[PDB]
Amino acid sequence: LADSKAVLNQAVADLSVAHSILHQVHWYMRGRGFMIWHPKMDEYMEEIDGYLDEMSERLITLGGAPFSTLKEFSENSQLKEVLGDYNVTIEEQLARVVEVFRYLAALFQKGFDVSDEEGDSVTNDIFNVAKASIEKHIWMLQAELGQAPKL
C-alpha cells in the first residue's frame, strides 16, 4: 500500500500548510465581512485539523511514518506560503482559501484514486468524505464571491 501511504502523508504535509494559511487569513483579515469570515476560518481550521489527524493516524495504522515536523510539512507540501499582509482585501483572502481548497479537493481525489487502485477502501472513504465537505465549502466561498463553484 506504498502509494496509499505516500498520498496520506502528502495530505498530512498539505493539510498542515493549509492550516497555517487559514490561520494567517484569520489573523490578517481586514475589511467589511471580517466579523463573519474571521471566525469562519476557525471552523475551517478545525475541520482541516480533523482531516489531518485522521489521515495521519490512518497512515500510522497502515504501518507508515507520518511527517511530524514543520520542516517535513513545508518541504513536502505543494502549497506555498507568503508573509502575512493586512492589505490583502476580503475578496482576495476568500479567493486564496478557495485556491487552497481547490488544491485539497484535487489532492483528495488523488488519494481517492490511488487508494481505490490499491484496494484500500478504508482510506478511500476518508478521502471521499473530506472531498465532499471541501467541495461544498468551495461552492459557498465562490457564492459569497458572486461566482459559480467551477469545480
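Heads up: residue numbers just count along the shown sequence, starting at 1.
*Between 55, 88, 48, 41, which one tops the list for C-alpha B-factor in the PDB entry?*
Among 55, 88, 48, 41, the PDB entry lists the largest C-alpha B-factor for 88.
*Sorting the chain's modelled residues by C-alpha B-factor, tell me whether residue 110 ends up in the lowest, middle or highest third.*
As the PDB entry reports it, the C-alpha B-factor of residue 110 lands in the highest third of its chain.
*Split the chain's modelled residues into thirds by Cα B-factor; is residue 65 in the lowest, middle or highest one?*
Middle third.
_Ranking every modelled residue in this chain by its Cα temperature factor as given in the entry, which third contains residue 6?_
Within its chain, residue 6 is a highest-third residue by C-alpha B-factor, going by the deposited values.
*Grab the CA temperature factor for residue 126 from the record and place it in the lowest, middle or highest third of its chain.*
Lowest third of the chain for residue 126's C-alpha B-factor.
_residue 59, C-alpha B-factor rank within chain (lowest, middle or highest third)_ = According to the entry, residue 59 has a C-alpha B-factor in the chain's lowest third.
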